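Here is the structure we will look at, set down as C-alpha cells.
Protein chains in written order, with PDB author numbering: chain D, 1346 to 1469; chain C, 1 to 113; chain Z, 71 to 154; chain Y, 957 to 1069; chain R, 1242 to 1293; chain H, 206 to 365.
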C-alpha cells in the first residue's frame, strides 16, 4: 500500500516506516535498558528486590523499571514510597519519540524519571 | 491525404497550454520553457534580448522539428534573480523598443509625406 | 537416458542472445495472460519491461532445454544461466 | 583480426587508475608471471575434462595466447605500461570477460550469413 | 416476487422444516468462499507464522 | 577535522554501514542483505591516493540527526549516498533534494542493468554501476567514486 499507518503515525513506504519507527523504538528500549534504574528480570523478582531495597533504605522512595512480558513494547514502572507503602506499578510505552507515562511523552529516561518524580510530588 | 490543416500552425487547442514551464534540476536556478504554436519569430527575438542581460548566464532555444509548430527554451540566471522575472523583463523591454520604433517611424513618415 | 546429469553438463554457462530473446518473449506473453509476477513492480506496465526486470533479478521460472545433435539434451534453469 | 582489443584495454586501465607520474609500481614479478600464465588457461572455448576436448581447447586459442603473451610481458608491463597491482587484476579480469563475450552463439545460422 | 407458486405449504402435508433447513444449507454454501496466500517482495519480508 | 560521508539508512541501499568499509576502502563489494546489521552509526575509513602523500582519514555517518547538531559539520560533508527516496531529507540542511545536490556530491549505487529510479534521473547525482557476478570492477567503481571525492577535497583546499 502507498500509505502505511501505525496508530496515529503515518508513513509512505516500508523503509520509511522501519527507519522512523522501529529503529527509534529500539534505541529508546536500549536507553531504558542502559538506564541505571532498569532490571530485566522477572516481575516477582523485581518486586522482591524493590521490597528489600525499600526496607533497607526506608528514608527514600525507590522506583525501578522492568520488561512488560505480557504486553510487548511496554515497560512496568514499579515504585515504593516507603516500606509501609504498597508497590504501585505504572505502564510505560516505548514510542519513537520517547516514553509514554501518564499520557505524557518524555524524550529520554532521565526526563521520564524527572517527570515521574514531579507527578508524585504534585499528586502528594 | 495526410497533410495537416494549415491553421494548426497558429491556432491553439483548448487543452494545450500556450506556455509550460518545468525546472531543470541539473544546474541551479534553471527552467525549461515550452512554447506552443510559436516559431523562430518570437524565439530569436527573446533569445537575443535575454543574452544581453548581465544576470542571465545561459539562454538557448531549439525547434525540434519543422513539421511541428513549437519550440523549447532553456534559461538560467544568477542566484539573485528568478528566471521568470528575467523573461518578463525581456518581454517588457522589447515591447518598449517596438513602441518607440513605431513612434519614430510615424514621425519620419509624416515629415516625408 | 537422453537427459544429461547436472554434474556432466558441458554447454556454455551463459544465456545466448537467442535464448534471451525467446525467454523474454515467452515471459512477456505469459504475463500478458495474467500469470503471477515474481518481482515487485514499481510503476511499470509493459509486459516486456516486467519480463526484463524479472530476468535481471534471476526470477524467471522457466527452464531452457538445449538439444544436442544426437538427441540428448541439457536442462538449464534461467536462474543459473549467467546473463550479460 | 583477433578478438578483444588489448591496446584499448591497457589504455583504459591507464586512464582509470591514473597510471601517470614517476611513481614506482608495487607489482612483483611472480605475480605478473603467474597471473598471465593462469589467464592463458581460463579462455574457455570448449567446456569439459576430456583429453581430446582439452587438446582442441588448447589448439583453438594458440594465436590469441601468443598475442596476450606478446603484450603482457614482464618488461613491457613494468616499464612501457607501468601498471600497478590493481590495474593488473583489472586488465586480467577484463581480458577474460571480453573473450567470453566474443564467442559465437549456438543457434547461429552461419551458412546463410 | 420470488415464491410465485401457489403450492399449499400446510405443515400437515408439507415438510416446511426440511425446506427451511435446505435453505440455510444452500445459503451457507453461498456464504462459502475461497482465500489464498499473499506474496510480497522485500528483503525483510518472510512468510512465517507468529511463532515461526 | 575529518570530512563526513553520508549514507542512506534505507534497507534497500547497496552500500550500508555493515559493508561500507570493505567496499570503499578495501575495494571488495559484498551483498549488504546477507551481512549482519551494524549497531554503530559512525565509522572511520582510510583512503590512499596518488594525489596525496599521506592516507586520508574520513568519517562515515549513516544518520545525521544525532551527529549534526552543529551547522559547521555540514562544511565537512564531501559525499551523499541516496536511494532515490524523498524522506531521507526531512532533517537535512536543505530539505529540498535539488539544492542539496547542487551544493553537495550525490552518488547513487545500482546493479548493472537495473533501471534508474525516476527521482534519481531528475536529480544532479552520479550513477555508479556494480556488476552482480564479476567482482574485478568493484575497484574501478570505487576509483571513480574516490576520483570525484578527491576532486572535491582538493577544490576545498583541505589540509592533511
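Don't be surprised by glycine CBs; every beta carbon is placed ideally from N, CA and C.
| Since residue 1458/D is in the alpha helix (DSSP H), which residue starts that stretch and which ends it? | The residue labelled residue 1458/D in the question sits at position 113 within the first chain. First-last of the alpha helix (DSSP H) with residue 1458/D: 1454-1468.
Exercise. In chain order, which beta strand (DSSP E) runs of at least 3 residues are fully inside the stretch 1352-1410 of chain D?
Worked result: 1354-1356
- Using a Cβ cut-off of 8 Å (strictly closer), state whether residue 1044/Y contacts chain H. Your numbering for residue 1044/Y matches position 88 in the fourth chain. Taking 8 Å as the threshold, the shortest C-beta distance from residue 1044/Y to chain H does not fall below it.
Discussion item. Can you tell me which residues form a DSSP beta bridge with residue 137/Z?
Written reply: Start at 1 with the first residue of the third chain, and residue 137/Z comes out as number 67. In the DSSP output, where bridge partners are listed per residue, residue 137/Z has 143/Z.
* Three-state secondary structure assigned by DSSP to residue 87/Z -> As a first step, residue 87/Z must be located in the third chain, where it is residue number 17. Looking at residue 87/Z - three-state DSSP - the assignment turns out to be helix.
Between which two residues does the alpha helix (DSSP H) harbouring residue 125/Z extend? By 1-based counting over the third chain, the position of residue 125/Z is 55. Counted as a single uninterrupted DSSP element, the alpha helix (DSSP H) harbouring residue 125/Z occupies residues 117-126.
Cβ of residue 351/H within 8 Å of any chain D Cβ: By 1-based counting over the sixth chain, the position of residue 351/H is 146. No, its Cβ sits nowhere closer than 8 Å to a Cβ of chain D.
Report task. Return the residues of the stretch 291-311 of chain H that lie within a Cβ-Cβ distance of less than 7 Å from chain C, sorted by chain order. Result -> 303, 307
- Query: Would you report the Cα separation of residue 1245/R and residue 1276/R, rounded to the nearest angstrom?
  - Reply: Sequence index remark: in the fifth chain, residue 1245/R carries index 4 (1-based). Sequence index remark: in the fifth chain, residue 1276/R carries index 35 (1-based). About 37 Å.
- Message: Restricting to Cα atoms, I'd like to know which of 292/H, 225/H, 297/H, 262/H is closest to residue 273/H.
- Response: By one-based count along the sixth chain, residue 273/H stands at place 68. That would be 297/H, whose Cα lies nearest to the Cα of residue 273/H.
Can you pull the DSSP bridge partners for residue 23/C? The residue given as residue 23/C occupies position 23 in the second chain. Paired residue(s): 31/C.
Open item on the list: I'd like the list of long-range same chain contacts for residue 260/H, defined as Cβ closer than 7 Å, with 5 residues on each side in sequence excluded.
Closed with: Residue 260/H sits at position 55 when you count from the first residue of the sixth chain. 251, 252, 253, listed in sequence order.
Item to complete: Tell me whether residue 7/C is buried or exposed, calling it buried when 16 or more other Cβ atoms sit within 10 Å of its Cβ.
Response: As a position in the second chain, residue 7/C is number 7, starting the count at 1. Label assigned to residue 7/C: exposed.
Which of helix, strand or coil does DSSP assign to residue 1051/Y?
-> Numbered from 1 along the fourth chain, position 95 holds the residue referred to as residue 1051/Y. The answer is helix: DSSP assigns residue 1051/Y an H, G or I state.
Q) If contact means a Cβ-Cβ distance below 7 Å, which residues of the stretch 18-50 of chain C contact chain H? A) Answer set for the stretch 18-50 of chain C: 25, 26, 28.
Legend entry - Cutoff 8 Å: residue 1062/Y Cβ touching any chain Z Cβ: The sequence position of residue 1062/Y within the fourth chain is 106, counting from 1. So yes, residue 1062/Y belongs to the interface.
Notebook entry, point to check: Between the C-alpha atoms of residue 975/Y and residue 1008/Y, what's the straight-line distance to the nearest angstrom?
Noted result: Looking up residue 975/Y in the fourth chain gives position 19. Looking up residue 1008/Y in the fourth chain gives position 52. If I take the Cα positions, the gap works out to 43 Å.
Practice task
Report the neighbours of residue 339/H on chain Y: residues whose CB is nearer than 7 Å to its CB, in chain order.
Solution key: If you number the sixth chain from 1, residue 339/H lands on position 134. Near residue 339/H (Cβ distances below 7 Å), the residues of chain Y are 1049, 1053.
Q. The stretch 92-120 of chain Z: which residues have C-beta closer than 9 Å to a C-beta of chain H, in chain order?
A. 112, 113, 114, 119
Taking C-alpha atoms, which residue in 972/Y, 1018/Y, 961/Y lies nearest to residue 1040/Y?
The residue you call residue 1040/Y lines up with position 84 of the fourth chain. Of the listed residues, the one whose Cα sits closest to residue 1040/Y is 972/Y.
At what residue ranges does the stretch 282-353 of chain H contain a whole run of the beta strand (DSSP E), taking only runs of 3 or more? 282-286, 311-316, 331-335
Buried or exposed for residue 38/C, going by 16 or more other Cβ atoms inside 10 Å? The sequence position of residue 38/C within the second chain is 38, counting from 1. Buried, because 16 or more other Cβ atoms sit within 10 Å of the Cβ of residue 38/C.
Residue 209/H, enclosing beta strand (DSSP E) - first and last residue
If you number the sixth chain from 1, residue 209/H lands on position 4. Segment 209-211, the beta strand (DSSP E) holding residue 209/H.
Fill in: For residue 980/Y and residue 991/Y, the rounded distance between their alpha carbons
By one-based count along the fourth chain, residue 991/Y stands at place 35. By one-based count along the fourth chain, residue 980/Y stands at place 24. Rounded to the nearest angstrom, the two C-alpha atoms are 20 Å apart.
* Partners in chain Z for residue 318/H, counting only beta-carbon separations shorter than 7 Å -> Sequence index remark: in the sixth chain, residue 318/H carries index 113 (1-based). Here the neighbours are 126.
* Asked: Cβ of residue 323/H less than 8 Å from any chain D Cβ?
  -> Within the sixth chain, the letter at position 118 stands for residue 323/H. For residue 323/H, the answer is no, since every Cβ of chain D falls outside 8 Å of its Cβ.
Review point. Residue 255/H versus chain Y: which residues are under 8 Å apart at the beta carbon?
Key: In the sixth chain, residue 255/H corresponds to position 50, counting from 1. The answer, in chain order, is 974, 977, 979.
Between 130/Z, 92/Z, 76/Z, 154/Z, which lies nearest to residue 109/Z when the distance is taken from Cα to Cα? Stepping through the third chain from its first residue, residue 109/Z is reached at position 39. Among 130/Z, 92/Z, 76/Z, 154/Z, the Cα nearest to that of residue 109/Z belongs to 130/Z.
Check whether the stretch 299-313 of chain H touches the stretch 271-286 of chain H, counting contact only when three or more Cβ pairs, one atom from each stretch, lie closer than 8 Å. yes
Start and end residues, alpha helix (DSSP H) containing residue 1020/Y: Along the fourth chain, read from residue 1 onward, the residue named residue 1020/Y stands at position 64. Residues 1018-1027.
Query - Neighbourhood of residue 101/Z by C-beta distance below 8 Å, restricted to the same chain and skipping five residues each side - result: The residue given as residue 101/Z occupies position 31 in the third chain. So the list reads 107, 117, 120, 121, once near-sequence residues are dropped.
So the beta strand (DSSP E) residue 1270/R belongs to, where does it begin and stop?
Working through the fifth chain from its first residue, we reach residue 1270/R at position 29. Segment 1257-1272 is the alpha helix (DSSP H) holding residue 1270/R; no beta strand (DSSP E) there.
> Since residue 152/Z meets chain H, which of its residues come closer than 8 Å, beta carbon to beta carbon?
Replying inline: For the purposes of this step, residue 152/Z is identified with residue 82 of the third chain, where counting begins at 1. Those within 8 Å of residue 152/Z in chain H are 338.
Worksheet item: When the cut-off is 8 Å and only beta carbons count, does residue 1004/Y lie next to chain E?
Response: Absent from the structure is chain E; the protein chains it does hold are D, C, Z, Y, R and H.
Return helix, strand or coil for residue 1031/Y, following the three-state DSSP convention.
-> Counting from 1 along the fourth chain, the entry for residue 1031/Y is found at position 75. Residue 1031/Y falls in the helix class under three-state DSSP.
| query | How would you call residue 92/C, buried or exposed, if buried means at least 16 neighbouring beta carbons within 10 angstroms? | reply | Translated into the one-based positions of the second chain, residue 92/C becomes position 92. Around the C-beta of residue 92/C, fewer than 16 other C-beta atoms lie within 10 Å, and the residue is accordingly described as exposed.
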